[PDB]
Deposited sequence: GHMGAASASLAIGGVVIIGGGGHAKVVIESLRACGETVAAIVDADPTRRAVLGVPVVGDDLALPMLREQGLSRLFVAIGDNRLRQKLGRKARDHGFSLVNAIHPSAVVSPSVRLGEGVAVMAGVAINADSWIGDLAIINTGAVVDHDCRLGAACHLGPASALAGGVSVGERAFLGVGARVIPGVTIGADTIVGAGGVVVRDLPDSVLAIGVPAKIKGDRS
């Protein structure tokens, strides 16, 4: 707990955190400390578990990112961080292309190589992972995850906490419900309800 003045606190110290740390540093931000349920990651000290959050706030740190891949858990930890007085920053790699008409929430991760086009809306705590494409007029719910190299072809709505695996694709105009999982490589050609798993080309719900 001896820390510099002013950087970003990270919740989570795993592989996702490594990537987030590098996005932040590529933008010139400083990462102050990690809190992890196992109480360094790329040189950032792990100072305790989530019980350390009040102490971090008290010492003047007020900016935070939740680097937890699990969508439901990330969402819960973002709420906890905000209750403790932290503001949720975004971690947007400088190579990502984010159109000027995109609406971004808070606590959003946007990895290297991403493109997000016109009039897309990105909810709080979303992850738009490495190389993913979000075409025009998409709506991404809070705490969803578009996995690496996934692609949404415009007018796609993705529900809260939905997860698209590596290389998933969605054709124009499709809606995917909250809490749904699209497997790696799945090609979604019809609306998906909430709380299902869909896999394949074309993607099919698996009971």
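(message) Taking the deposited sequence as numbered from 1, list the residue ranges that were left without C-alpha coordinates.
(response) Residues lacking C-alpha coordinates: 1 to 7, 47 to 49, 218 to 220.
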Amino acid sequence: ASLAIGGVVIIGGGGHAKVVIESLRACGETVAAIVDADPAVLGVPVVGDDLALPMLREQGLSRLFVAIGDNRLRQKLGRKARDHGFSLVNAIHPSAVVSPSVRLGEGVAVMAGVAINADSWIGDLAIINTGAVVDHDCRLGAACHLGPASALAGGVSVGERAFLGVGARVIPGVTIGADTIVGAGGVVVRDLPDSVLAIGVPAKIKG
From here on, numbers count along this sequence of modelled residues.
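(request) Taking the mean of the C-alpha B-factors per stretch from the entry, tell me the winner out of 82 to 90 and 127 to 135. (result) That would be 82 to 90.
(request) Select between 54 to 62 and 139 to 147 the stretch whose C-alpha atoms have the higher average B-factor in the entry. (result) Looking at the record's C-alpha B-factors, the answer is 54 to 62.
(message) Lowest, middle or highest third: which one holds residue 42 when the chain's residues are ordered by CA B-factor from the entry?
(response) Highest third.
(message) Can you tell me whether residue 9 has a C-alpha B-factor in the lowest, middle or highest third compared with the other modelled residues of the same chain?
(response) Ranked within chain, residue 9 CA B lands in the middle tercile.
(request) Quick one: classify residue 69 as lowest, middle or highest third of the chain based on its Cα B-factor. (result) For residue 69, the deposited C-alpha B-factor lands in the middle third.
(request) Looking at the entry's B-factor column for C-alpha atoms only, identify whether residue 116 ranks in the lowest, middle or highest third of its chain. (result) Bottom third by C-alpha B-factor.
(request) Grab the CA temperature factor for residue 159 from the record and place it in the lowest, middle or highest third of its chain. (result) Middle third.
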